[PDB]
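Protein chains in written order, with the numbering used here: chain A, 67 to 87; chain B, 67 to 87; chain C, 6 to 113; chain D, 759 to 1350; chain E, 498 to 514; chain F, 498 to 514. Note that CB positions come from ideal geometry on N, CA and C, so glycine has one too. Scroll down for the structure; my scribbles are underneath it.
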Amino acid sequence: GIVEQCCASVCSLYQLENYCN
Amino acid sequence: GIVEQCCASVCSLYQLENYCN
Amino acid sequence: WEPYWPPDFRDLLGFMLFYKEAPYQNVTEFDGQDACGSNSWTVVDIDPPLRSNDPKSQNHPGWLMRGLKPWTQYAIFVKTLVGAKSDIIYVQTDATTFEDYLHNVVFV
Amino acid sequence: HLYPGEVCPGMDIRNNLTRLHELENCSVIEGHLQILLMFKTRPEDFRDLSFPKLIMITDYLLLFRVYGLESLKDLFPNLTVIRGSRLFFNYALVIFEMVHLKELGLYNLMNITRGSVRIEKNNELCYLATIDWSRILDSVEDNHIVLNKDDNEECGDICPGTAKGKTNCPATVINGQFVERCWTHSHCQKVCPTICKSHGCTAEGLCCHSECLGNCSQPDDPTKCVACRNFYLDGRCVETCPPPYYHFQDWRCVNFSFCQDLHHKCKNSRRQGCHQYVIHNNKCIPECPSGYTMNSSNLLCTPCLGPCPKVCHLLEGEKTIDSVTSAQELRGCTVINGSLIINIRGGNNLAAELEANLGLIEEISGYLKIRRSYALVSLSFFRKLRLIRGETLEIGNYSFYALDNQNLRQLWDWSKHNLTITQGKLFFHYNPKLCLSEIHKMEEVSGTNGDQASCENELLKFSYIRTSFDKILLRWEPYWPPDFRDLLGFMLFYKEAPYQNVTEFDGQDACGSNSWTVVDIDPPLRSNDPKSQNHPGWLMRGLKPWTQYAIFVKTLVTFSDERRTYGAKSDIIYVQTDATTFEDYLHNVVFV
Amino acid sequence: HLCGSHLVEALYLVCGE
Amino acid sequence: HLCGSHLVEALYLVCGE
Ligand SMILES: *[C@@H]1O[C@H](CO[C@@H]2O[C@@H](C)[C@@H](O)[C@@H](O)[C@@H]2O)[C@@H](O[C@@H]2O[C@H](CO)[C@@H](O)[C@H](O)[C@H]2NC(C)=O)[C@H](O)[C@H]1NC(C)=O
Ligand SMILES: *[C@@H]1O[C@H](CO[C@@H]2O[C@@H](C)[C@@H](O)[C@@H](O)[C@@H]2O)[C@@H](O)[C@H](O)[C@H]1NC(C)=O
């Protein structure tokens, strides 16, 4: 999950991009 | 490891701090 | 690896790739009887390639081994389904860059 | 015509207002409505934007981060009911981080049938204290209305406008304080007499009909409701759907043909884009309830004869079975939606294990491929497989494909098993122990092969049989190939058997756990030409008394010079070990 | 690092739809 | 994100020993 990828974690400035709708 | 924490990974601007000698 | 073509090049069907985690030298095909069940070799069935005419038909059969341990030596060889077998080559997966051994050492 | 326009599906509108115009003709949204993440929108974009036809949402309404939107009074002026059949985390109404929203302004919202309200982090949001939610929801206890402008000392909520403070909006109590109720400076909250309950009332205070919900154009008339309490049909609110109609999505009446159209063959999309609708207890529903299965010609759920059939939809339409563990993943399946690839090289008690996990499969919609399955002697473990549809095929248009199976001697026993293959072709290559007769039988039944097998050929006959209670002594014809030279071996098979139902290719002997007791019999010594029948035989010992034994002999598999033959096998004879003499049954009985 | 409301903001910096 | 020689640099931005 995005919450789990960047909040309860840290997500790469690209991981962040990828699924931008 | 620091390599594994921030290179083959992404490390939080604080995780990065912690063990600054 | 090389494509295999029997005398009448017609109906080519199969390759077989074998790989095991190996130390040095001491590796053989007929090793610790694969028989039926518990095996001594990790095996892959490789579908026969598609020739794509006569001039430049080397669309070399291959395989991508995944699920390998790093800095590990692998005994590997190919066989043609029951012609030719490749020799046993040892291939060692990548390990750490010197630079990256240094870092992990030099920074807690 | 209580909802004159269209019934639209649920929508998810993001980024731009472009797709929002897809709502322009909806009276009812059968699903949810989410409007979110519009960062570039401004008030001007909403000044001339209105959906006055929208009366009702069956699920929930969610608004998140929509910039420039200051009120919903022009967007959804007539939204009257949110049913909450499906909710967003227990909420039927969600207003979250709507930076710029100054009021809700949903001045026609009368009832939220199920679920709660969450209105949070709306920095400009006022006209919240002026709403009496107890008129709209049965329980306000789970409402979460916090972190709005209303929380601070900055809302100058003003309802009076016409005369100001002289006979305008209705007033209701909070704890002890009376508060005038309104949605905006120009719109009061509608409040009906208590006798009206949730049905609504006209402007004059006259109750709507008991089948109405929230509001009506005329009193006590079920054809004049803005929305229905129960079900909707032909511009009328009804308690239940009359024949020949079905209850759909818990709000409307539909006919069989509608339910049938939904059901029909949403080709692929099993994973969120099909369901295949069914009929059960006068409802058109997504799937049969537990204990029911769907009678195919009439969409009707009927109770299961024993355990219900189990359809297993394969990931990417395929699955490779290469172990007992992968086979187990299909345990209980009666229908495979997809194709199977069998790749079994080794193991133990495979015929029984594979039959336990795969023996219930009756149908495969795609293809069946057996390849490099070195361990298999038979495909009989697929005990109930009767249909392969070939809706998907292996490249080259094959629905059944057998390649490089070194020990395969049987497909199915074609004396008992029926298998139908609707579409596609057969492929057989490099099956050395599989006779072409078995393949040819399969072609008939269904609508580099055998080169290492000699297929039954000659008949060995028993020249002698002798019983003992514990032993059986047998003799049989000597076998002599064309060039009688170098005869080497016989093989005797015996198992404890009941009656009739015994075969050679039984319960895969493969490698390990065996279904047959086997004896290697040394080839005899001829002793000249005149009287050379020194009949090979065997003494079976270690047999249970009064026990029937299935027995047969075979001559060892010989690669012959020219037209190749292994030779002969005897027929299956049943031999019953001795039991008690009548005399001896009597004795033991007659003498304590 | 990244969180709460900021995630929405962080994503828009990147998106720019 | 963070890597190679930059890690050394990134850490000094933070350290400031
Ligand atoms: C053999 O068949 C029996 C029963 O089937 C019938 O009777 C046979 C003697 C033979 O004439 C068949 O052609 C008939 O169809 C099966 O017996 C089962 O055995 C288990 C043992 O515990 C019992 O629980 C089941 O109730 C029995 N089933 C029936 C229908 O009676 C047996 O499975 C058959 N075996 C083989 C190898 O085919
Ligand atoms: C509103 O209706 C307009 C006319 O077309 C109708 O809508 C399409 C989608 C079909 O249902 C067609 O049979 C109708 O005649 C459209 O210009 C407009 O897109 C419609 N909006 C909605 C709600 O779809």
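Cα separation between residue i and residue j?
i	j	result
residue 1357 of chain D	D/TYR1035	Any property of residue 1357 of chain D remains undetermined from this structure, which presents chain D solely from 759 to 1350.
D/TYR825	D/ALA929	33 Å
D/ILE1230	D/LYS1312	18 Å
D/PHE1227	D/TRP1296	16 Å
C/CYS41	D/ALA1133	7 Å
C/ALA80	D/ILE1153	33 Å
D/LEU1108	D/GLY1064	27 Å
D/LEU964	D/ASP979	11 Å
D/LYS1041	D/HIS1005	4 Å
C/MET21	D/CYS1193	26 Å
B/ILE68	D/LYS1191	59 Å
D/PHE1251	D/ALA1114	26 Å
D/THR981	D/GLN1018	28 Å
D/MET856	E/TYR509	16 Å
F/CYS500	B/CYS72	7 Å
D/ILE1094	D/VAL1069	6 Å
D/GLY1300	D/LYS1253	12 Å
Once DSSP output is grouped into helix, strand and coil, what is the label at residue i?
i	result
D/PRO1061	strand
D/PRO767	strand
D/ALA1133	coil
D/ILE813	coil
D/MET856	coil
D/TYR1050	strand
D/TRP891	helix
D/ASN906	coil
D/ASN1040	coil
D/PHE1014	helix
D/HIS957	coil
D/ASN1346	helix
F/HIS503	helix
D/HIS779	helix
D/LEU1194	helix
D/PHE1251	strand
D/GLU1074	strand
D/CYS946	strand
D/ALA1114	helix
D/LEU1218	strand
D/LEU821	strand
D/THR1083	helix
E/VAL511	helix
Report yes if the C-beta of residue i is less than 6 Å from at least one heavy atom of ligand 2; otherwise report no.
i	result
D/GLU788	no
D/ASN783	yes
Who are residue i's beta bridge partners in DSSP?
i	result
D/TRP1296	D/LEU1232
D/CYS970	D/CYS986
D/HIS759	Answer is none; D/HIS759 lacks a bridge partner.
D/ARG841	Bridge partners of D/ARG841: none, in fact.
D/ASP1171	Per DSSP, none; premise fails for D/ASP1171.
D/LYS1312	D/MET1249, D/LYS1327
Would you say residue i lies against chain H (beta-carbon separation less than 7 Å)?
i	result
C/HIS65	Of the protein chains in this structure, namely A, B, C, D, E and F, none is chain H.
Keeping to the same chain, check which residues put their C-beta closer than 8 Å to that of residue i; ignore five residues upstream and five downstream.
i	result
C/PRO28	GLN78
D/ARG1130	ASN1101, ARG1103, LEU1161, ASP1162, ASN1163
residue 1351 of chain D	Since the first residue of chain D shown is 759 and the last is 1350, residue 1351 of chain D is not available in this structure.
Cβ of residue i versus every heavy atom of ligand 1: is any distance shorter than 6 Å?
i	result
D/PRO1256	yes
D/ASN1259	yes
Apart from the five residues on each side of it in sequence, which residues of its chain come closer than 6 Å, Cβ to Cβ, to residue i?
i	result
D/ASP1008	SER843
D/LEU1314	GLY1247
D/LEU1184	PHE1158
D/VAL1260	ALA1308, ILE1330
D/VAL765	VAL786, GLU788
Less than 7 Å between C-beta atoms, sequence neighbours within five positions excluded: which residues of the same chain meet that for residue i?
i	result
D/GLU1074	none
D/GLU1045	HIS1033, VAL1036
D/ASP1267	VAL1135, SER1273, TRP1274
D/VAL1203	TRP1172, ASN1176, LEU1177
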